[PDB]
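Residue numbers (the deposited numbering), protein chains in the order written: chain A, 0 to 471, 487 to 554; chain D, 2 to 113, 119 to 184, 195 to 554; chain C, 3 to 31, 33 to 114, 119 to 181, 196 to 554.
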Amino acid sequence: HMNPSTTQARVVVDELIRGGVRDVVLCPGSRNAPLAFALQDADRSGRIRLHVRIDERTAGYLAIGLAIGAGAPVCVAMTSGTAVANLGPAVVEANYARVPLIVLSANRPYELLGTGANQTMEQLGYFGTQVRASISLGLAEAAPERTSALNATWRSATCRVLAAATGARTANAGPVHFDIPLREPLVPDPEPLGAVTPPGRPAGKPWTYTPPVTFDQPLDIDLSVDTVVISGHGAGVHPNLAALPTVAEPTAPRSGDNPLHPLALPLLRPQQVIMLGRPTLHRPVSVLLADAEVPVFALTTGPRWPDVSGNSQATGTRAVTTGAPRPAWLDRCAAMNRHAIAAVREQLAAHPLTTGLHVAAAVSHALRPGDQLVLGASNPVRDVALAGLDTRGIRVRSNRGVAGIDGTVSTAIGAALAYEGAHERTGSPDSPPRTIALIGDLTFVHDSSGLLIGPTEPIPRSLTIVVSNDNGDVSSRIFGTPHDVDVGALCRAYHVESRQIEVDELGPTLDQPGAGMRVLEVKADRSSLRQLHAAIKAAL
Amino acid sequence: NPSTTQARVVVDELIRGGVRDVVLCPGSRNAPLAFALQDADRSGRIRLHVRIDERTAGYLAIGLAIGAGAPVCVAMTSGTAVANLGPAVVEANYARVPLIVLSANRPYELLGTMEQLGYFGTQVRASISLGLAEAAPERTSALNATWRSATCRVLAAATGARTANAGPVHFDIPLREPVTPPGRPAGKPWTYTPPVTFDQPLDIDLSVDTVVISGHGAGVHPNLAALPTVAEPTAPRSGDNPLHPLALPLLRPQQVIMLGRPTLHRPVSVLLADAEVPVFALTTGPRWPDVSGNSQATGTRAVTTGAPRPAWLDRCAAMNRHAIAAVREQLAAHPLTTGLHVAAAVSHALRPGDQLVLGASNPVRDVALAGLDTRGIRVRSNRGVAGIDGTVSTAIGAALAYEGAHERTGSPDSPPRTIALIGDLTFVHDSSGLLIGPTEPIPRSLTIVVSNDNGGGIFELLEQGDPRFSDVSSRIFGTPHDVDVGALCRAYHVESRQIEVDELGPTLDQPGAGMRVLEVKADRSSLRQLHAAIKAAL
Amino acid sequence: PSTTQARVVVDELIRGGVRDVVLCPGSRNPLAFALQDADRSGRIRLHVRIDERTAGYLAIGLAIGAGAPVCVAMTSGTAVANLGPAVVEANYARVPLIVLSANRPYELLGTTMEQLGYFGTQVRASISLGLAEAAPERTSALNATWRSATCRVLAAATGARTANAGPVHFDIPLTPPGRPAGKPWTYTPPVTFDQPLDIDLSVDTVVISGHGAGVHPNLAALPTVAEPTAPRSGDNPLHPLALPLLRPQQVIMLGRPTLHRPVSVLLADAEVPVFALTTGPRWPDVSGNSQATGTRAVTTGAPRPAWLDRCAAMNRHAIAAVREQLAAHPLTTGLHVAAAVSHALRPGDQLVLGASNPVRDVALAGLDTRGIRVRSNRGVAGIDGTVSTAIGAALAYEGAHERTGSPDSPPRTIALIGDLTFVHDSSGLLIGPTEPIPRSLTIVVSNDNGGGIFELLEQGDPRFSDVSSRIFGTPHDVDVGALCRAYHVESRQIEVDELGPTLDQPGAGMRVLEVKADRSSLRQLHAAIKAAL
Ligand SMILES: Cc1ncc(C[n+]2csc(CCOP(=O)(O)OP(=O)(O)O)c2C)c(N)n1
Ligand SMILES: Cc1ncc(C[n+]2csc(CCOP(=O)(O)OP(=O)(O)O)c2C)c(N)n1
Ligand SMILES: O=C(O)c1cc(O)c2ccccc2c1O
Ligand SMILES: O=C(O)c1cc(O)c2ccccc2c1O
Ligand SMILES: [Cl-]
Ligand SMILES: [Cl-]
Ligand SMILES: [Cl-]
Ligand SMILES: [Cl-]
Ligand SMILES: [Mg+2]
Ligand SMILES: [Mg+2]
């Protein structure tokens, strides 16, 4: 009846859907045709949304966007060869950002490794320690009597792939390499003489159910000691710490309503630091975490705990708090937070030229509750932190794992599609929410291929990309001249609407109703930034 | 600083070892041998190429190595460099390309930049770490010897000087966070390793009806020059008796001599798997291919007795004329331009001495179906893993190294031409390879011909191209993109022109800017029927 | 500079719970001197061996004896290869093993550190300290960097944050105080790993508990087939031979089962839901039949009286069939020796079981694990290193009893192993005069002169009788008594009826009791028990 490659591909796709996979990114190939056929039919029946891309490296960052936008595991299926190697960059990012990314690689049978067979390499284990698991399905046997047993083993392995990627039993979500060797026949047989897919558990249940896991590690912390909370990427929400002064990275969730501008920390003298997540962005933050006199308590949601400090007195998951912060200490930190905010506000106005900070400040004001903000992990994240954005009621995403230039555009597109997707299922007939991306010009040009979306492929409903164009070791001689790439020409090539506006119009133009996907380019300056940052520092 | 001394010794020995080009990317950490390479660039001892995209940088290095046969260095500088260099390193492994990867590790920092993947173990020929530099005026003669000896190991491993198996090498130079000692006289390398002769004679009787199938990495065998030879475009031709690939299924060879690693044509793979046909594998290195475990014997050269029967050579020649006529006649009888028409136009426009860079998918297959005469012509293609990524940067590096070899011959004639034939998906995959800063070296005679059928044409010719999949194959296989290629080249400031297949000939004869892209629109909705008409007219 | 780094690291390892360290004489290795100072000062115990393989398995025993992390110090360019087996066992049995290495960063590399592939697949973490400097202006900062990293090593080995103990590779490439009151530099409270599973005990349920299983009070009433190394939670045991006689409709699987074919068949039956309750993040599956994973059970309902009565009946029939067929058998088999050891055990004893038949035979003899501590290398079920495992297990066990100030002599550690197992790791008996030696260790060897377990497998079928003596039985004809005397260890040959009384007498700290056994009748015995059911 049904050939083994088709049966295996349909069973795997079926178990992945039951595991919560709503979006799959597919790259074209011949060896992965079984997976391609099963995925396309699951897209026809509405069980998943399929995204086709041509460039596997940007496809991996699209899949990362599809996962951080709503929280679901996301699969990316590709053929054998360098197609798997091109997933390298996205796997590394997903490792340090803890993104549940499933690399579903088709492969030749392993017996062909070493024979010179076309388009065949050492795929299994290619990703080394960067993945949470390298799992290989077997080669499918042509034995309809073993069909019952193979369905159980295939579905149980797919569940193991899903459990490791989502961190269902480790609290350490990350990328997983799921390698599937496939042999001919690679296409489905004539459907008149066809079969039905071996069934899973009744009522759409996963083959192996993993109920919610709890990882608890309580820590004693006395709050009467003058305490500042520094929250970075992957930080959890802690209600018992919402009163304390908090220096929060843009991608960190806010526990309370007592902010502290990063520029204010070096001008204060905390006696005790509570570190939430993986702080990385601010240098004065990094300075304070080096100082050995100030005790540091680390609180993480997963088992990995950051090494950005040397005087880590203790690491846990939550705090059992004793006491309450001194009101004089609270008055001091709030006083200095207002002083830092005003210093940034005055020097921005006192500056003649539009810099990247002005663009970042303009986007911050235009934000509204419910919006999603995607930030290039270079300057845009630091700039929005200097402009003191209030991340309450907005979801802020950024590839803070390795903070690479790769794939920023694709991540924005993916996060938008995932966000607007979860808005449909909540039943609201209201319009889809907004996703605004702020990225530099060198990052936009570098991942301009990420703008490519085939005519038949899903397109974000309300994504606006704001490109702050500052036109910019012997390896730094390429930065000595402007790359001179017309942002509008790239957008025309990839059939994307573009507009070159000014920072004054940034607000009103961002409020124009949803026009699908669009790119807004703001011209900015880089020559005067050294004076602006020196002006702000002197104003403090 | 004893480290800047180390860096100057290594760069000198690498130049003595034949390295004429190095590729750099800006990174968070300082580049390995960053400043020493810069002095070597201004001195004219070496040519530096800088790129932003580390993936396109790896493939540019491959192009710089295969265009002239020299070893090439790429200097990793960031924490994403290992991941992005993966594709090029894998291709360098399977295509046997001398690729040196320079990295600088920090021994005073806690471990537990570089992001370690698992491929370095399986792909590289050697992993050599220099060692930390320490000041010692009484050991300058000794540290000069250790550094240059290890540098000679790195080059010998990468070029296959002692193994006959070129490939990528990982060279690590540890650094401590912040004149040149001499080498051998006359510019000679520190440790002279004479290239080795790797010899495996094999007895083959040529009176048995024999066909030769030469693939990637095949050698030149003068004693086999008379036999009917089905040769891939990248294989150097050794005779004047070509056998069209479509004529192979109309014959019954009793013996097959397989040169190098064949990767094209399903009739070839069916023949090589036939257990009733002895297959003899002749390779230039230690690796050897088998299709279905049907390689009877391995070697490097044939010790031949006998000669092909004149009746056998006549049958092969008759079947060859039928195949050539069928392709020419059916192409003329087809209204729409396909990628196969473009391949025949590019093939008829080449001249002796030109370089041809062929992308994967149909272009490299279509050129073979067009009967391209590869003699006097240098043909390149990344057949190691047959990826469609990095083919634009590979052509650019191939043009740059090929032109530099013509400059060093001192001929006043214009630089030789490099013509690249790639699909549209291939072009879209690595369009970023066109972004070259005005400071960097740019080719002077590179023409990229893009055969644009708005998607993946080869899938029309495979099993998923069957009409019973017509309703499902468009999205997941054809994958149209609707990209404006001229607008892309415009954005990157590359001369671009859309032309018809009839104007393709004369357009390549006229020179132009040192780099330009010629886009020919094509159709893939008639591809499967054009190929069926060719098979039936055989 | 390196002497200070080595002495800082040793202090944090002692503050982290390390009480024993194994090392081997090697071509080099500072850490040796620092470890030496702590040994004379009494802060750790040092154990030296010549055989690096046996050194790795000694450290495993030192870990599972009391539950502490243990360090082993490689010193040559053969230690990685020789420590391989012990690292693999530590990985699969979740044993806190710290492997200490020393790289040379000022030397040409790649043209005492032999790299194999197992480190990247077996260890929980790989942490290299980094080269030391000389500026005493940052000695306070270097102190924190070393003690923090050492705390990372200990946390990965003991599973402090991941609940998955295992081996760790620590590279120290070639006195600033710690936190006051001897606490570790970075405190990490042990983590609680929780997954509640809804299970209806009203369905006819059996509990199968294997290696690494936890203790479950709300499952104490259910019939329980428990492997020897499993800790028992209730008092309704179900003899393993009774399982094929019953027809359960639901299975709760604790830990990682590895024994008894009937169990493997039951766990694979697609008509029976299996629930895997584990103590860590890994979970086992036989044929993809595990339908849910968890760490504890939220139980509704109660077991039917009809189901419990049926289970108690077949249990009784099985214990009686084994106790009776063992009496009718004239020759002494390894199954008689397992029953003799089990009935000679008192509460508070430690029992070390080798693989092959000894671990299975003790289960067939129905030993009551309550009050006693069973140890076995069930991670990969190998016959190597079992002797050194029992020596280290004895040492750490008596060490925990010495530190409680009890006046009574050390508690008993009895090891039941086979002959092939004894020969495989006979070198582990070679212990120098200055090295620590157990004071209450008895190694009972059931010597049937070959592999008895093979007579019970398909190769033991009589149609292979003429072709299976060489390649499965493997007779050795080794004089165990002469071997023990050569290594200066007490040895005595006794009969099964003499095993109990001799075990009750305390003798030299290490004694090897060898009982002659037969395997030619093993397949016939087991066929007799099956027919008696
Ligand atoms: C990196 C990579 N990803 C995917 C593939 C699978 N693949 C093989 S041929 C092909 C289509 C290429 O299309 P195009 O370059 O337009 O060529 P055409 O066959 O249409 O001439 C694809 C995606 C590959 N070979 N390499
Ligand atoms: C290192 C290792 N090699 C081989 C095996 C395979 N094996 C399993 S049981 C066994 C026989 C051991 O015989 P013995 O220790 O005398 O025990 P018996 O079954 O006779 O009681 C062997 C070789 C193993 N488990 N470990
Ligand atoms: O001859 C060659 O060039 C060549 C190159 C390769 O990368 C091979 C890989 C596997 C098996 C055979 C191979 C081979 O024969
Ligand atoms: O529970 C345990 O102790 C345990 C231990 C292991 O080493 C495992 C290995 C693979 C699969 C499951 C495992 C498991 O459940
Ligand atoms: Cl950016
Ligand atoms: Cl014929
Ligand atoms: Cl190809
Ligand atoms: Cl066993
Ligand atoms: Mg195409
Ligand atoms: Mg035995």
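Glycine is no exception: its CB is placed at the ideal position from the N, C-alpha and C atoms.
Proximity test, residue i beta-carbon vs ligand 7 heavy atom, cut-off 7 Å
{"i": "C:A167", "result": "no"}
Cβ-Cβ separation, residue j to residue i (assumed contact under 8 Å), whole Å
{"i": "A:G173", "j": "A:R56", "result": "Wrong, their Cβ atoms sit about 19 Å apart, outside the cutoff."}
{"i": "A:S377", "j": "A:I404", "result": "7 Å"}
{"i": "A:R317", "j": "A:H232", "result": "Not a contact, Cβ separation roughly 18 Å."}
{"i": "C:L149", "j": "C:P72", "result": "With 8 Å as the limit, C:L149 and C:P72 do not qualify as a contact, their Cβ atoms being about 23 Å apart."}
{"i": "A:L25", "j": "A:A339", "result": "A:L25 to A:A339, Cβ: 48 Å. No contact."}
{"i": "A:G64", "j": "A:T410", "result": "4 Å"}
Backbone secondary structure at residue i - three-state DSSP
{"i": "A:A297", "result": "strand"}
{"i": "A:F214", "result": "strand"}
{"i": "D:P258", "result": "strand"}
{"i": "A:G59", "result": "helix"}
{"i": "C:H338", "result": "helix"}
{"i": "A:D42", "result": "helix"}
{"i": "D:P379", "result": "helix"}
{"i": "D:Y208", "result": "coil"}
{"i": "A:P3", "result": "helix"}
{"i": "A:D221", "result": "strand"}
{"i": "C:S230", "result": "strand"}
Distance cut-off 7 Å: residue i Cβ against heavy atoms of ligand 1
{"i": "D:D440", "result": "yes"}
Option nearest residue i by Cα separation, candidates the options
{"i": "C:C74", "options": "C:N468, C:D440, C:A93, C:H497", "result": "C:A93"}
{"i": "residue 480 of chain A", "options": "A:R540, A:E511, A:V501, A:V536", "result": "No atoms are given for residue 480 of chain A, which sits in the stretch of chain A between 471 and 487 that the model skips."}
{"i": "D:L181", "options": "D:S285, D:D54, D:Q271, D:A35", "result": "D:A35"}
{"i": "A:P527", "options": "A:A538, A:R544, A:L504, A:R433", "result": "A:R433"}
{"i": "D:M531", "options": "D:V488, D:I435, D:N468, D:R544", "result": "D:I435"}
Cβ-heavy atom distance, residue i to ligand 8, below 7 Å
{"i": "C:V284", "result": "no"}
{"i": "C:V380", "result": "yes"}
{"i": "C:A376", "result": "yes"}
{"i": "C:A318", "result": "no"}
Heavy atom of ligand 4 within 7 Å of residue i beta-carbon
{"i": "A:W153", "result": "no"}
{"i": "C:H232", "result": "yes"}
{"i": "C:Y95", "result": "yes"}
{"i": "C:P305", "result": "yes"}
{"i": "C:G276", "result": "yes"}
Heavy atom of ligand 9 within 7 Å of residue i beta-carbon
{"i": "A:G453", "result": "no"}
* **Those runs of the alpha helix (DSSP H) which lie wholly inside the region 466 to 528 of chain C and span at least 4 residues** => Taking only runs of at least 4 residues, the alpha helix (DSSP H) segments lying wholly in the region 466 to 528 of chain C are 501 to 507, 520 to 525.
* Please go through the region 82 to 156 of chain A and give each complete beta strand (DSSP E) segment of 3 or more residues, from N-terminal end onward. => 100 to 106, 133 to 135
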